Protein chains: 4
Amino acid sequence: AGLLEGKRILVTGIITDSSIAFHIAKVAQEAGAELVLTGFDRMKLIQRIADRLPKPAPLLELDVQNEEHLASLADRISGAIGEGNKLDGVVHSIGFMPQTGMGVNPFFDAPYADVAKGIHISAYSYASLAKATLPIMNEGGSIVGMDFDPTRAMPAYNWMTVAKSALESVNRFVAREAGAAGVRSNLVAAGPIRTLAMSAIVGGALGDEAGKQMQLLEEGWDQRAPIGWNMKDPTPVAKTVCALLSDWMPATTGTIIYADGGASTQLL
Amino acid sequence: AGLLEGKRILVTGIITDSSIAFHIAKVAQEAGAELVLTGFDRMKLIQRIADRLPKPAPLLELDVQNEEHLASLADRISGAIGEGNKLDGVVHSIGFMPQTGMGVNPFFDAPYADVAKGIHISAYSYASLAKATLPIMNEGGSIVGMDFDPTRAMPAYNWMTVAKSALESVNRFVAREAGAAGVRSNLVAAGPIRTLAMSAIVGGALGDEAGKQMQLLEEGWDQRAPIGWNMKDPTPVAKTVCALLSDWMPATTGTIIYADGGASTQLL
Amino acid sequence: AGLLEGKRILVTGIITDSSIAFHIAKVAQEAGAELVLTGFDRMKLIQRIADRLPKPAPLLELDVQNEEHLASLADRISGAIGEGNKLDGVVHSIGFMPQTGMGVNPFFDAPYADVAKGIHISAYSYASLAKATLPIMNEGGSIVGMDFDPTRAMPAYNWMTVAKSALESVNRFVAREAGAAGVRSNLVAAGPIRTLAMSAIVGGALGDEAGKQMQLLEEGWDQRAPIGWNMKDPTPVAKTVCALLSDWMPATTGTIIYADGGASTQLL
Amino acid sequence: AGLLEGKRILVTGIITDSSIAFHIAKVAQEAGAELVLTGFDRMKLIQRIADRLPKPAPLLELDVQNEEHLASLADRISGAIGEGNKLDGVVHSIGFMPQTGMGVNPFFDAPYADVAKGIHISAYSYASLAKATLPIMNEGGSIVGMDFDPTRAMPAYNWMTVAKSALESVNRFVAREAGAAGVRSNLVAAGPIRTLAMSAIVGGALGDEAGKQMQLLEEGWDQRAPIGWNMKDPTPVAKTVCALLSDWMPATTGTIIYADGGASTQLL
Ligand SMILES: NC(=O)c1ccc[n+]([C@@H]2O[C@H](COP(=O)([O-])OP(=O)(O)OC[C@H]3O[C@@H](n4cnc5c(N)ncnc54)[C@H](O)[C@@H]3O)[C@@H](O)[C@H]2O)c1
Ligand SMILES: NC(=O)c1ccc[n+]([C@@H]2O[C@H](COP(=O)([O-])OP(=O)(O)OC[C@H]3O[C@@H](n4cnc5c(N)ncnc54)[C@H](O)[C@@H]3O)[C@@H](O)[C@H]2O)c1
Ligand SMILES: NC(=O)c1ccc[n+]([C@@H]2O[C@H](COP(=O)([O-])OP(=O)(O)OC[C@H]3O[C@@H](n4cnc5c(N)ncnc54)[C@H](O)[C@@H]3O)[C@@H](O)[C@H]2O)c1
Ligand SMILES: NC(=O)c1ccc[n+]([C@@H]2O[C@H](COP(=O)([O-])OP(=O)(O)OC[C@H]3O[C@@H](n4cnc5c(N)ncnc54)[C@H](O)[C@@H]3O)[C@@H](O)[C@H]2O)c1
Ligand SMILES: CC1(C)CCC(Cc2cc(O)c(-c3ccccc3)c(=O)[nH]2)CC1
Ligand SMILES: CC1(C)CCC(Cc2cc(O)c(-c3ccccc3)c(=O)[nH]2)CC1
Ligand SMILES: CC1(C)CCC(Cc2cc(O)c(-c3ccccc3)c(=O)[nH]2)CC1
Ligand SMILES: CC1(C)CCC(Cc2cc(O)c(-c3ccccc3)c(=O)[nH]2)CC1
Ligand SMILES: [Cl-]
Ligand SMILES: [Cl-]
Ligand SMILES: [Cl-]
Ligand SMILES: [Cl-]
Ligand code: NA
Ligand code: NA
Ligand code: NA
Ligand code: NA
């Protein structure tokens, strides 16, 4: 009798247990969903993390830059869930930008090969993921991507901002294409979440002045947010993704839902 | 064991059973909610309508232009549900614009007294409703208003578009004020819904060319919408409102969720 | 041989020489324009101010809440400039919100009569000004309003933010109606400008903490702005308004041009 | 005594005399500007087109995908205008997407190498162009890019929409970086312009149904536009770019100005 009871959902993007996708996975299972997970590169590390989830789930290798991985993905998912079953949700929780395109490096100093890799992984793969999973998706199903509001420029985020702007545009076209199968596509735009990478920045991995500066951008996010914002708590985000994966927003597609405490809606 | 299990929700705006709020009410009860209804003016007609809902609920009179009605609302809800029980959600489903400000009358020809009445009922009252209900709202509660995407000008809607632009602005401030009580505020932007008033326009009550033109605007909304749009089916909208009333979007506030088939995200 | 050479332009909203419209007027005359000025209430104070402009211009009384003033405006401009000469531009530089709706008063505590007066003067009057002036406007003419970016809620501005959200909506409809006469309509969204009223706030007329807070909001606007922002310098805003009055943006209408140093495009 | 009198302006993007950059060049020279042109690939064809301009101008080869071309660009511009002179404007009028990413090809069927080439040329090069010309730009100077409103998905434009969404994001970061030199950056979002490529589509180069369909998207653009839209007339666009290159919008940066007849501001 759970929100996602009986739903079969692909969840990409787990690498640690601070991963947003880890908590999407956890909440989805606690809501009654059966999952199929995917991981990139460190497959053994990903299996160990995934065993900490409430329930076991099949894990599949997927490098979104790998054409062969994508071509076979739907075949491998179907064997996972059964030749006759189909997915009801797909969670895109994948991002990447080399340190030349995001960090202390000047914005003009990022070579395009690096930016191009970052946009491939972070934006284009939303479309290629949808292309690879839509043939085995049910009608009324739901594809959800993870966003960080790129409406305005900001320090450090740099070319990852540009990738997110691209991802928002891709989402609207995925919505169009998925719509013919009866499948919705949306993004969830989250506030900052303290992953292990994000702590490293507080710890100084890009400079000590930055750790303070970001620690104060986070305090400013909490100040702007009318209901506050706790960056150590990804659970609100995970619940929002499950909201989109459920049957309760059945006419919403091509859009961005903000799970950020309202901070985007307040000037200061 | 439902989405709004045990939640208490004020629902405003029922006048017919084609009313959007009627279907919000019906879906919310089927999802486990217990309601307090409000109605305006034709109180006996509204009780007749309310008797057709899945479950009984108290009906309170509320003219949002009436300061006395508003001042006493929290006390009268309290007497209905008990001065120890609190509200979990509030649904604003109220709009009005005189015929001078919306329809076939030239845009420049609407007198301000008419526009001001329209904006009072349609936008300001989202703030005065929230002010009158927040004292008896629980933490984590949810306030929801009905919107019609006014980002772009359009024929006929005229000053109601301006009232909706005003309402979107009010919602962000309500979000700020409600946030201190741990209460979220959002709007749902619905596509066209065939109410009795809307059928009158197709039936010609504003010119025969407009009924055709209207009938073709609806077919183009269904064409733009990647997953389609059925204007005779308010249920998708009602479900989305309940999605926002639930506990599954706990970090979302001050925003607009589009329940329009995705039509606003597609140019053509 | 200047930007507005030979153009005739109504300029509203002069009350002091710190008024934005005073600098619009001064720049427009230096660019070659010939003006008709309007003023409200303190007519003798405004003539004293108008005498300080580079060139003489007629002053007409205009209370935008006064239907008689508006009905006669085109005739009175005609008598000023000649019933065979037409206007080339109209500058709306008018705003007002009672202290209950903007400042230190709680957002929920503004009575609607006060909000309605504020929206009448600040937003509706952009439509009624345009309706009263278009009969005597030339093809290719330009109507320009002053805006303050209300996309996001913010402290103090409160119901004036809502009036500005309303004004942006009105501008798109004015654009539609003016378009049949070959007349453009746009808004300029300016950053904070130090008027006499604005200095009063820094000087403490709404609390000492607010003056500091205000003084720091201005320093953060200058920090966000990639090219900086000098709130003691209205000249950039006046130039932008003239840019829109000229013939160099002949396909731009219904939009908002940001004269804010770029601060609205940067998150921090 | 022209709008751009004495200004030195780099203009990229001429390939035919229907090129938007051709008309930007023409209007700029007619406004009193001295130019430096750049061309890609068919250098001899570009020289012949450029000789039809009102005044001669130095032409320089520039392939924005060519690191050596970019590194030397400022050296070659300086030799062109004089070792001691500097640019006052830079016009980015460059776009490209392979036929896999824009046209009749399904959206999901575009390989990333093609999308990546299109985003390199169409979006990233706005940043690399600015990086290569800013060292020789004066304070108060202006960089202008050409945009096509990608806020909503649309048929055919497909991955070029995504590139434009990326370009809008890049523009805001270029505004940030250029701001430290005192240089503004903006985009002009134009309505459809009948280039030779665009006529080919009307002529059937991608299918006859499309030629009618686009011919009717253009008639719909003219209908939405409150002041109309003439796609055979790029002069309004060119004038708008010159508006941004002038001294008259000196506090505008990071933004998009719409030269589209107002069509983006109207729903229908
Ligand atoms: N952390 C935040 O504050 C925050 C805020 C808003 C949005 N987001 C977004 O949420 C998503 C998840 O990021 P996160 O913060 O959980 O960090 P994360 O490092 O835990 O997750 C990113 C994931 O991307 C995967 N990935 C990278 N390259 C890949 C490839 N070639 N193929 C397949 N997978 C690949 C990694 O394996 C990893 O699991 C990203 O899209 C990110 O942009 C994060
Ligand atoms: N019908 C649509 O196509 C559509 C689309 C999008 C949004 N909406 C919005 O949905 C909401 C509900 O409208 P609807 O379409 O269900 O029509 P409706 O006529 O059924 O509901 C509007 C309600 O507002 C009430 N109301 C009017 N004046 C009032 C006052 N002074 N005090 C209190 N209540 C008052 C009426 O009694 C009525 O119940 C409105 O806000 C409307 O703008 C409607
Ligand atoms: N000052 C800023 O920081 C700032 C920033 C952005 C936008 N703006 C806008 O610029 C415009 C000009 O304001 P300002 O800052 O120059 O202040 P101001 O006080 O100098 O100008 C406002 C004008 O509105 C006039 N006005 C008020 N009620 C009127 C009525 N009933 N009829 C006619 N005119 C009436 C006043 O006489 C005054 O001349 C306003 O629309 C304001 O909201 C101001
Ligand atoms: N034509 C329209 O309807 C329209 C509408 C809005 C925006 N725009 C934009 O206006 C700009 C100009 O396009 P146009 O319509 O004038 O067409 P066009 O073909 O005349 O111009 C595009 C230019 O890009 C250049 N280019 C391509 N690859 C290049 C590279 N590697 N290095 C350098 N230059 C390269 C070509 O040489 C050409 O001059 C583009 O950015 C386009 O997206 C066009
Ligand atoms: C300094 C800065 C603006 C603070 C907020 C964070 C939020 C954030 C977004 C984001 O997309 C990511 C991310 C990017 C790529 C791969 C994995 C994760 C992140 O770590 N953090 C981005 C950086
Ligand atoms: C011609 C037009 C654009 C067709 C679509 C409709 C949608 C719509 C919105 C709306 O707010 C209402 C509405 C307004 C006031 C009170 C009750 C309902 C409506 O009836 N219809 C609005 C008019
Ligand atoms: C605290 C706050 C955000 C600082 C910036 C200012 C900018 C501003 C806008 C504005 O519309 C006005 C204004 C309003 C009504 C009449 C005349 C002028 C203003 O004074 N100041 C608005 C208030
Ligand atoms: C069918 C469609 C939406 C009609 C409108 C046009 C407008 C348009 C934009 C545009 O960026 C271009 C373009 C793209 C790449 C290189 C050169 C030019 C174009 O030709 N035409 C784009 C295609
Ligand atoms: Cl590969
Ligand atoms: Cl009353
Ligand atoms: Cl009156
Ligand atoms: Cl190279
Ligand atoms: Na806060
Ligand atoms: Na459709
Ligand atoms: Na700055
Ligand atoms: Na038209």
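Note that ligands are numbered from 1 as they come in the structure, with each ligand's atoms numbered from 1 the same way. Here is how names work: the chains are called A, B, and so on, in the same order as the sequence lines, proteins then strands, and each is numbered from 1. The figures here come from the full heavy-atom set of this structure, side chains too, leaving out hydrogens, waters and symmetry mates.
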> From the options D:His120, D:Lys131, D:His92, select the one residue that forms a side-chain hydrogen bond (donor to acceptor under 3.5 Å, both in side chains) with D:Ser125.
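Answer after filtering D:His120, D:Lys131, D:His92: D:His92.
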> Using heavy-atom distances, let me know which of D:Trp221, D:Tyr157, D:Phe96 sits nearest atom 22 (C) of ligand 8.
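Nearest option to atom 22 (C) of ligand 8, by heavy atoms: D:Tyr157.
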> Which angle, to 10 degrees, forms at the Na ion (ligand 16) with O of D:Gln223 on one side and O of D:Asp222 on the other?
90°
> Check whether C:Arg184 reaches the backbone of C:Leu244 with its side chain - one donor and one acceptor, N or O, closer than 3.5 Å.
yes
> Considering both backbone and side-chain atoms of D:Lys164, is one of its nitrogen or oxygen atoms within less than 3.5 Å of a nitrogen or oxygen in ligand 8?
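D:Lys164 vs ligand 8: no N/O contact under 3.5 Å.
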> Quick check: does D:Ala225 have an N/O/S atom under 3.0 Å of the Na ion (ligand 16)?
yes
> Would a line drawn from the ring center of D:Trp159 to the ring center of A:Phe173 be shorter than 6.0 Å?
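When the ring centroids of D:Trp159 and A:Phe173 are compared, they turn out to be at least 6.0 Å apart.
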> Among the heavy atoms of D:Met154, does any lie under 4.0 Å from an atom of ligand 8?
yes
> Please report whether the ring centroid of D:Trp229 lies less than 6.0 Å from that of D:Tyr258.
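Aromatic pair excluded; centres sit 6.0 Å or further apart.
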> Out of D:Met146, D:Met160, D:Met198, who gets a non-hydrogen atom closest to atom 14 (C) of ligand 8?
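Result: the heavy atom closest to atom 14 (C) of ligand 8 is in D:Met160.
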> Can you name the one residue among D:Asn171, D:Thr252, D:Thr253 that meets side-chain hydrogen bond (donor to acceptor under 3.5 Å, both in side chains) with D:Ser185?
D:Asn171
